[PDB]
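Data block below; observations after.
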2 protein chains.
Amino acid sequence: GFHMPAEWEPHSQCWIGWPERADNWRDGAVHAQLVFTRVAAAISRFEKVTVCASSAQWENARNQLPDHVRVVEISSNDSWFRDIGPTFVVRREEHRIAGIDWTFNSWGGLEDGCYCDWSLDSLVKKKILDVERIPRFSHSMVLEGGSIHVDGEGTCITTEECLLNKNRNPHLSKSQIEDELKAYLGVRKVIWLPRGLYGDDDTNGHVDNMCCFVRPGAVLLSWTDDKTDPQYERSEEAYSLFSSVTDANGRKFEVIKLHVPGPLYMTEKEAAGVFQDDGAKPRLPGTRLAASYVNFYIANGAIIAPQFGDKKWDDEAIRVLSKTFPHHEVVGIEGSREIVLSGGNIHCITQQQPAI
Amino acid sequence: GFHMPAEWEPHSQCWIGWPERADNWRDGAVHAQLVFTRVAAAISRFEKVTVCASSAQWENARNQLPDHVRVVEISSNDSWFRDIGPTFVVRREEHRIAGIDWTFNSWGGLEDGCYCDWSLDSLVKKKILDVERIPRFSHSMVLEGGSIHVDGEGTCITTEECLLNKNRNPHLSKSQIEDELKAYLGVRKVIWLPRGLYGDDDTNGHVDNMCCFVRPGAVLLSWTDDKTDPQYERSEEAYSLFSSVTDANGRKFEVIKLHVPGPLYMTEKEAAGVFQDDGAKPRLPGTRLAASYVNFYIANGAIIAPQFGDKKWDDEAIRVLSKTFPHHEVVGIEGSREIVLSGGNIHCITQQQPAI
Ligand SMILES: NCCCCCC(N)=O
Ligand code: NA
Ligand code: NA
């Protein structure tokens, strides 16, 4: 009787890593640390937070973060807890909470991943559940928490582009992958968007950059009105798909558009501050960033939302999110661009722990 | 209104470190790891245990330890949590528990300490209390938990050999030192044994290796019958002091003698197992081991006692302890010699967290 609750359901805390690697984070992560800190501090106005930092970084993190934020020493290859963190499941009313330890392979493994070493990334789920004394359900299937979303009422959305990629689970068919999601997330229906966001070659189109539930029966969808942008056809396809399906309880989808910023491109400055290495992916100037306002975190009573420094769409997204979540305080995080330069945003760096 | 409760009072958990440094533990610590495992398994029969291992050892510790033992990642320079973990204090009838973060300096600093780098060790207290979300009282005075003992009724016992060494707090008088113990452990009287155990030049004579309370107004004392042994005059002297002095409530001290084993000396095999490095104290053959059954741990209704493989005195200690602690299950830990080779025993590697 375990299932994954919706993100907007109450949490007891939020887990976040701490960026440090010089080959992914410009200027040895100094810029990224400031934003991580702003995100943690914002979330901690609404729910407890634990940031996890390496040995070498523990003091830095402790120094930057207010005291009501807990800092623990957990090493990682990189700081993306949405994907390397456990996925918590609950059984409400004698263990009422547990965590799923999905196999992690750096978003594509030796042939098509981001780093050739992920052995510390792989232990993060175990380590966290050990700190909390929460039971771990281990799974040999490759999965990242960024690649699924739920409504806590039986429905899951995901993308084919990610989950059906041969760099993940080449041994499993689509319908075998679906059976695992249903068994382990406690859902009875999976909606497969064909594609994620244009330009998300890091993760191969994680759904959490393209689409998310905001309540039972309604989703936000990354969108552009520019039919010359390669995003348009993906967004249109997903929109049609949502018109044709219903959720696990038979609701018609209310689709709410959320216009992407930019498009945004890495500068020569931004590329130049990243140390170059032959065990990481070479970040080049002119690369299109995979930027969507959809990559936000729902905290108890607040939406923690990206701002990329594109004023028109930064302001429009705050407006859409304020009306979409009328009972939440919406807090935009200036400097989110510093996270998208390295492959993700606010939702990618968080992992909620549901209250029981 | 905080005070240090006595060791025999109820605990919520025990903290232990994980040995790894090969310049102190023979054969890269493989012998000691087996013993710490045994010690933690034994304690875990009576109270929740958390072992703390570095990143490089986390999997190894998690493998060796039973599932009901929590394993977290807290790196340290060495694994002596009596001295480098926090000293918990409580306030009975709003925060009811806190920890004291004494300054640590590797048992005598750059000049006379055990290793030249202790900066990981210095953070262990912060980190443990951060994990537990327990307030921390910072203290600038150098002190080790091993150098003090309390009855939980206003009395403290320690040694001048340790606390009045110029390698600890050279700018404080005896009186100033005594003031800080009173304010911070909530004791009204401090008994100063002049000396600890012979050959304990690591710690400069921790009381936890010489003498401990059994109950208010009663103590076990490290003892030999051999008056040709250097230990005799130290023991004799301490015995004398207990005849003369009273506790904080003006009770007289029942003393119970506990015969030391050996003398024990480090084999050639033992010394050669240890890697030779300049930043740690060079372990030489023929060196007298600072062994004493007094270095035991009181868990919730158990006594976790050393056994050094010197059967005469091994059996005698269990006897004396089962007698002295008739409401407690005594538990001997074969292989305790592996710990003493690196300069402490069971008491030295534990740190109780009082239940509130
Ligand atoms: N370089 C890997 C970036 C991870 C982004 C995760 C996500 N939730 O889309
Ligand atoms: Na990839
Ligand atoms: Na010393």
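Chain naming here is simple, since letters A, B, ... match the order of the sequence lines and numbering starts at 1 in each.
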Next on the checklist: Using a 6.0 Å cut-off, check whether atom CD of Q276(B) has over 12 heavy atoms from anything other than its own residue.
Outcome noted: no

Next on the checklist: Using a 6.0 Å cut-off, check whether atom OH of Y115(A) has over 12 heavy atoms from anything other than its own residue.
Outcome noted: yes

Item to check | Residue pairs involving residues 44-55 of chain B (criterion salt bridge (charged side-chain N to carboxylate O under 4.0 Å, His left out); sequence neighbours excluded) | outcome: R45(B)-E329(B)

Checklist entry - Taking the side chain from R133(A) and the backbone from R70(B), do they hold a donor-acceptor pair closer than 3.5 Å? => result no

Checklist entry - Of all the residues in residues 72-107 of chain B, which have a heavy atom that comes within less than 4.5 Å of a heavy atom in chain A? => result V72(B), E73(B), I74(B), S75(B)

Item to check | Any pair counted as salt bridge (charged side-chain N to carboxylate O under 4.0 Å, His left out), so long as it reaches residues 51-65 of chain B, sequence neighbours left out | outcome: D130(A)-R62(B)

Checklist outcome for this item: Looking only at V71(A), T50(A), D67(A), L120(A), the option with the highest number of non-hydrogen pairs under 4.5 Å against chain B is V71(A)

Checklist entry - Of all the residues in residues 17-36 of chain B, which have a heavy atom that comes within less than 4.5 Å of a heavy atom in chain A? => result none

